[PDB]
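First up is the structure itself, then whatever we jot down about it.
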Amino acid sequence: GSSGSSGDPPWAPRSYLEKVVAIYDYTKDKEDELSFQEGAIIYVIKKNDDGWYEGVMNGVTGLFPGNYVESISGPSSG
């Protein structure tokens, strides 16, 4: 529970690791993966060994490659 503005949707997880916003179009192949478009806030919750983190999007969860996304919240100044 951070300190500030608390505006999150019901389909979004109350708790998560960090926040990310898709920058490129990524069409999932199987339900296992996640499909999103350039401009989707994916709440990262898990991060596999390789570039693959698990997050919830529009209620639908799925694994996506940590390449078509860009970190906007974290220790990285950007």
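If you're wondering about the labels, chains in the structure tokens are A, B, ... by order shown, residues count from 1 in each chain, ligands from 1 in order shown.
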Would you pick out the contacts of residue 23 of chain A at 6 Å or less, using only C-alpha atoms, so that residues sharing its chain but fewer than 5 positions from it are not included, and give the list as JSON, numbers by chain?
{"A": [38, 68, 69]}
Contacts of residue 33 of chain A at 8 Å (only C-alpha atoms; same-chain gap of 5+ positions) as a PyMOL selection string
chain A and resi 28+61-64
Generate a file of the selected residues that holds N, CA, C and O atoms, formatted as a PDB file, in the first residue's frame.
```
ATOM      1  N   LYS A  28      -0.295 -12.962 -28.862  1.00  0.00           N
ATOM      2  CA  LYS A  28      -0.039 -14.234 -28.195  1.00  0.00           C
ATOM      3  C   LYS A  28      -0.335 -15.404 -29.128  1.00  0.00           C
ATOM      4  O   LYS A  28      -1.095 -15.269 -30.086  1.00  0.00           O
ATOM      5  N   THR A  61      -5.024 -13.218 -17.799  1.00  0.00           N
ATOM      6  CA  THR A  61      -3.623 -13.365 -17.424  1.00  0.00           C
ATOM      7  C   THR A  61      -2.865 -14.202 -18.448  1.00  0.00           C
ATOM      8  O   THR A  61      -3.442 -15.063 -19.110  1.00  0.00           O
ATOM      9  N   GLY A  62      -1.567 -13.945 -18.573  1.00  0.00           N
ATOM     10  CA  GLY A  62      -0.751 -14.684 -19.518  1.00  0.00           C
ATOM     11  C   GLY A  62       0.699 -14.239 -19.505  1.00  0.00           C
ATOM     12  O   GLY A  62       1.001 -13.093 -19.168  1.00  0.00           O
ATOM     13  N   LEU A  63       1.597 -15.147 -19.871  1.00  0.00           N
ATOM     14  CA  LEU A  63       3.024 -14.843 -19.898  1.00  0.00           C
ATOM     15  C   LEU A  63       3.392 -14.077 -21.164  1.00  0.00           C
ATOM     16  O   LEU A  63       2.984 -14.444 -22.265  1.00  0.00           O
ATOM     17  N   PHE A  64       4.169 -13.011 -20.998  1.00  0.00           N
ATOM     18  CA  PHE A  64       4.595 -12.193 -22.128  1.00  0.00           C
ATOM     19  C   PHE A  64       6.092 -11.910 -22.061  1.00  0.00           C
ATOM     20  O   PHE A  64       6.689 -11.846 -20.987  1.00  0.00           O
TER      21      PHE A  64
END
```
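Considering the residues A:71, A:27, A:35, A:2 and counting only C-alpha atoms, residue 59 of chain A has its shortest atom-to-atom contact with A:35.
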Skipping near chain neighbours, those fewer than 4 positions away, what residues fall within 12 Å of residue 54 of chain A using only C-alpha atoms, listed as a PyMOL selection string?
chain A and resi 13+16-20+32-35+42-50+60-66
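Proximity ranking of A:30, A:1, A:6, A:41 relative to residue 72 of chain A places A:41 first, based on only C-alpha atoms.
The coordinates place atom CA of residue 76 of chain A at 19.0 Å from atom CA of residue 52 of chain A.
Each of A:22, A:51, A:31, A:58 was compared to residue 10 of chain A using only C-alpha atoms, and A:58 turns out to be the nearest.
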Compare A:40, A:56, A:75, A:70 by their minimum atom-to-atom distance to residue 15 of chain A, counting only C-alpha atoms, and give me the closest one.
A:56
Run DSSP on the backbone and give me the residues of chain A it puts in strand (DSSP E or B), as a ChimeraX atom specification.
/A:18-22,26,33,36,41-47,52-57,60-65,69-71
Save out the residues we just selected, N, CA and C atoms, as a PDB file, in the first residue's frame.
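Final output, part25.pdb:
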```pdb
ATOM      1  N   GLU A  18       5.746  -4.749 -10.096  1.00  0.00           N
ATOM      2  CA  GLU A  18       5.917  -3.435 -10.705  1.00  0.00           C
ATOM      3  C   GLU A  18       4.883  -3.207 -11.803  1.00  0.00           C
ATOM      4  N   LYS A  19       4.974  -2.058 -12.464  1.00  0.00           N
ATOM      5  CA  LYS A  19       4.049  -1.714 -13.537  1.00  0.00           C
ATOM      6  C   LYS A  19       4.788  -1.540 -14.859  1.00  0.00           C
ATOM      7  N   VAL A  20       4.141  -1.938 -15.951  1.00  0.00           N
ATOM      8  CA  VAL A  20       4.736  -1.822 -17.277  1.00  0.00           C
ATOM      9  C   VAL A  20       3.692  -1.438 -18.317  1.00  0.00           C
ATOM     10  N   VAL A  21       4.138  -0.779 -19.382  1.00  0.00           N
ATOM     11  CA  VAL A  21       3.240  -0.355 -20.451  1.00  0.00           C
ATOM     12  C   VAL A  21       3.749  -0.821 -21.810  1.00  0.00           C
ATOM     13  N   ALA A  22       2.979  -1.692 -22.456  1.00  0.00           N
ATOM     14  CA  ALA A  22       3.349  -2.213 -23.766  1.00  0.00           C
ATOM     15  C   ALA A  22       3.673  -1.080 -24.736  1.00  0.00           C
ATOM     16  N   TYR A  26       1.969  -7.180 -29.645  1.00  0.00           N
ATOM     17  CA  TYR A  26       2.375  -8.559 -29.404  1.00  0.00           C
ATOM     18  C   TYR A  26       1.168  -9.493 -29.410  1.00  0.00           C
ATOM     19  N   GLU A  33       0.163 -17.605 -23.149  1.00  0.00           N
ATOM     20  CA  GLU A  33       0.744 -16.281 -23.333  1.00  0.00           C
ATOM     21  C   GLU A  33      -0.313 -15.193 -23.154  1.00  0.00           C
ATOM     22  N   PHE A  36      -1.600  -8.180 -26.009  1.00  0.00           N
ATOM     23  CA  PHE A  36      -1.817  -6.771 -25.696  1.00  0.00           C
ATOM     24  C   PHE A  36      -1.352  -5.882 -26.844  1.00  0.00           C
ATOM     25  N   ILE A  41      -1.272  -1.247 -19.754  1.00  0.00           N
ATOM     26  CA  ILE A  41      -0.586  -1.313 -18.468  1.00  0.00           C
ATOM     27  C   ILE A  41      -0.677  -2.713 -17.869  1.00  0.00           C
ATOM     28  N   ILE A  42       0.404  -3.476 -17.996  1.00  0.00           N
ATOM     29  CA  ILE A  42       0.448  -4.832 -17.466  1.00  0.00           C
ATOM     30  C   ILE A  42       1.091  -4.860 -16.083  1.00  0.00           C
ATOM     31  N   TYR A  43       0.350  -5.365 -15.103  1.00  0.00           N
ATOM     32  CA  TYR A  43       0.847  -5.448 -13.735  1.00  0.00           C
ATOM     33  C   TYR A  43       1.686  -6.707 -13.535  1.00  0.00           C
ATOM     34  N   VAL A  44       3.003  -6.552 -13.630  1.00  0.00           N
ATOM     35  CA  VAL A  44       3.919  -7.673 -13.459  1.00  0.00           C
ATOM     36  C   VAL A  44       3.847  -8.231 -12.042  1.00  0.00           C
ATOM     37  N   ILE A  45       3.754  -9.552 -11.935  1.00  0.00           N
ATOM     38  CA  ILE A  45       3.680 -10.210 -10.636  1.00  0.00           C
ATOM     39  C   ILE A  45       4.738 -11.301 -10.512  1.00  0.00           C
ATOM     40  N   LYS A  46       5.109 -11.890 -11.643  1.00  0.00           N
ATOM     41  CA  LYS A  46       6.115 -12.946 -11.662  1.00  0.00           C
ATOM     42  C   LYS A  46       7.113 -12.727 -12.797  1.00  0.00           C
ATOM     43  N   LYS A  47       8.350 -13.158 -12.580  1.00  0.00           N
ATOM     44  CA  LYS A  47       9.398 -13.011 -13.583  1.00  0.00           C
ATOM     45  C   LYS A  47      10.212 -14.294 -13.710  1.00  0.00           C
ATOM     46  N   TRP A  52      10.527 -13.315 -19.468  1.00  0.00           N
ATOM     47  CA  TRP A  52       9.118 -13.694 -19.457  1.00  0.00           C
ATOM     48  C   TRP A  52       8.503 -13.464 -18.081  1.00  0.00           C
ATOM     49  N   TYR A  53       7.642 -12.455 -17.983  1.00  0.00           N
ATOM     50  CA  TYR A  53       6.988 -12.130 -16.722  1.00  0.00           C
ATOM     51  C   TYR A  53       5.486 -12.388 -16.806  1.00  0.00           C
ATOM     52  N   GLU A  54       4.890 -12.745 -15.672  1.00  0.00           N
ATOM     53  CA  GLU A  54       3.459 -13.020 -15.617  1.00  0.00           C
ATOM     54  C   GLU A  54       2.695 -11.823 -15.056  1.00  0.00           C
ATOM     55  N   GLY A  55       1.664 -11.396 -15.777  1.00  0.00           N
ATOM     56  CA  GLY A  55       0.869 -10.264 -15.337  1.00  0.00           C
ATOM     57  C   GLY A  55      -0.581 -10.374 -15.764  1.00  0.00           C
ATOM     58  N   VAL A  56      -1.430  -9.521 -15.197  1.00  0.00           N
ATOM     59  CA  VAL A  56      -2.850  -9.526 -15.521  1.00  0.00           C
ATOM     60  C   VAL A  56      -3.212  -8.354 -16.426  1.00  0.00           C
ATOM     61  N   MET A  57      -3.971  -8.640 -17.480  1.00  0.00           N
ATOM     62  CA  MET A  57      -4.388  -7.608 -18.423  1.00  0.00           C
ATOM     63  C   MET A  57      -5.854  -7.780 -18.803  1.00  0.00           C
ATOM     64  N   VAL A  60      -7.614 -10.890 -18.159  1.00  0.00           N
ATOM     65  CA  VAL A  60      -6.967 -12.080 -18.699  1.00  0.00           C
ATOM     66  C   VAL A  60      -5.481 -12.100 -18.358  1.00  0.00           C
ATOM     67  N   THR A  61      -5.024 -13.218 -17.799  1.00  0.00           N
ATOM     68  CA  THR A  61      -3.623 -13.365 -17.424  1.00  0.00           C
ATOM     69  C   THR A  61      -2.865 -14.202 -18.448  1.00  0.00           C
ATOM     70  N   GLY A  62      -1.567 -13.945 -18.573  1.00  0.00           N
ATOM     71  CA  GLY A  62      -0.751 -14.684 -19.518  1.00  0.00           C
ATOM     72  C   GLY A  62       0.699 -14.239 -19.505  1.00  0.00           C
ATOM     73  N   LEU A  63       1.597 -15.147 -19.871  1.00  0.00           N
ATOM     74  CA  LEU A  63       3.024 -14.843 -19.898  1.00  0.00           C
ATOM     75  C   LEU A  63       3.392 -14.077 -21.164  1.00  0.00           C
ATOM     76  N   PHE A  64       4.169 -13.011 -20.998  1.00  0.00           N
ATOM     77  CA  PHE A  64       4.595 -12.193 -22.128  1.00  0.00           C
ATOM     78  C   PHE A  64       6.092 -11.910 -22.061  1.00  0.00           C
ATOM     79  N   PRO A  65       6.715 -11.736 -23.236  1.00  0.00           N
ATOM     80  CA  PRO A  65       8.149 -11.457 -23.338  1.00  0.00           C
ATOM     81  C   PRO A  65       8.508 -10.064 -22.833  1.00  0.00           C
ATOM     82  N   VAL A  69       7.773  -4.507 -23.866  1.00  0.00           N
ATOM     83  CA  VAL A  69       7.301  -3.656 -22.781  1.00  0.00           C
ATOM     84  C   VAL A  69       8.406  -2.730 -22.286  1.00  0.00           C
ATOM     85  N   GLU A  70       8.015  -1.671 -21.586  1.00  0.00           N
ATOM     86  CA  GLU A  70       8.975  -0.708 -21.058  1.00  0.00           C
ATOM     87  C   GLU A  70       8.621  -0.317 -19.626  1.00  0.00           C
ATOM     88  N   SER A  71       9.590  -0.451 -18.725  1.00  0.00           N
ATOM     89  CA  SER A  71       9.380  -0.118 -17.322  1.00  0.00           C
ATOM     90  C   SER A  71       9.230   1.389 -17.139  1.00  0.00           C
TER      91      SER A  71
END
```
